[PDB]
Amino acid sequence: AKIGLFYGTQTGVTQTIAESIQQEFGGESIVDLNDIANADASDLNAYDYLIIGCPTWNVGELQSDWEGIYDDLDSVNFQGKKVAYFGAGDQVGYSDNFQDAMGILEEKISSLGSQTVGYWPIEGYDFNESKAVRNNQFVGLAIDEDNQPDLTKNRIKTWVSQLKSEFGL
C-alpha cells in the first residue's frame, strides 16, 4: 500500500472512522491502517501519501497518543508528501474548540513541507471557533458522532471519493 493512515483514539470513535475510510478506499491493499499508539514517528517516512486521524479532547487538546509523538514529528521528512486529515469532535459541547486537534496537527505537519489535500466545506455544521478552518473550509474531514451520527456515512464516502484523485487513484 502506498497510502498510510495513522489514527489515535480515546473512546474508539476515531478508530471506527479510520476503519471506514480504509474500506471506502478499497481495503487493506489500498491503505495501511495504523494506531499511532503503536508507531514511531519514523514510520511516517515510508509513505508519499498519509491520512492522519485525531479526535479533540479536553477543550482543544490532542488525543494522548498524538500528544506523545508530537515533538518527534520534526524528525520526519514531510517534504513532498501529500497529507489528508480527519477528526472526531463535538460541535455542541465544544463550540469554541471544534476539531482543534486536526488543526494543530495540520499546522505542524504542513510547516514541515507536506501539502495538505482534502479540504472539507463547513456547510451543515454549527460551531463558533476551530483551529482547523482555513479559507472557510475545514483542513480535513470533520466528523461529529456525538451530534451528527446520521451524516457520518455520507461524509466519509464523499470525502474519500474527492481524495482518490489526489492520491493518484
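What we label the rigid core is the largest C-alpha set whose atoms superpose within 1.5 Å from one form to the other. Numbering starts at 1 and runs along the sequence shown.
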After core superposition, the stretch with larger RMS C-alpha deviation in 5 other deposited structures of this protein, comparing 127 to 135 and 44 to 52, is 127 to 135
In 5 other deposited structures of this protein, superposed by the rigid core, which stretch departs further from the shown form in CA positions, 97 to 105 or 58 to 66?
58 to 66
Mean CA temperature factor from the deposited coordinates, higher in 125 to 133 or in 26 to 34?
26 to 34
Out of 101 to 109 and 65 to 73, which stretch has the higher average CA B-factor listed in the record?
65 to 73
The residue of 39, 51, 117, 46 with the maximal C-alpha B-factor according to the PDB record is 39
Is the Cα B-factor recorded for residue 3 in the lowest, middle or highest third of its chain?
middle
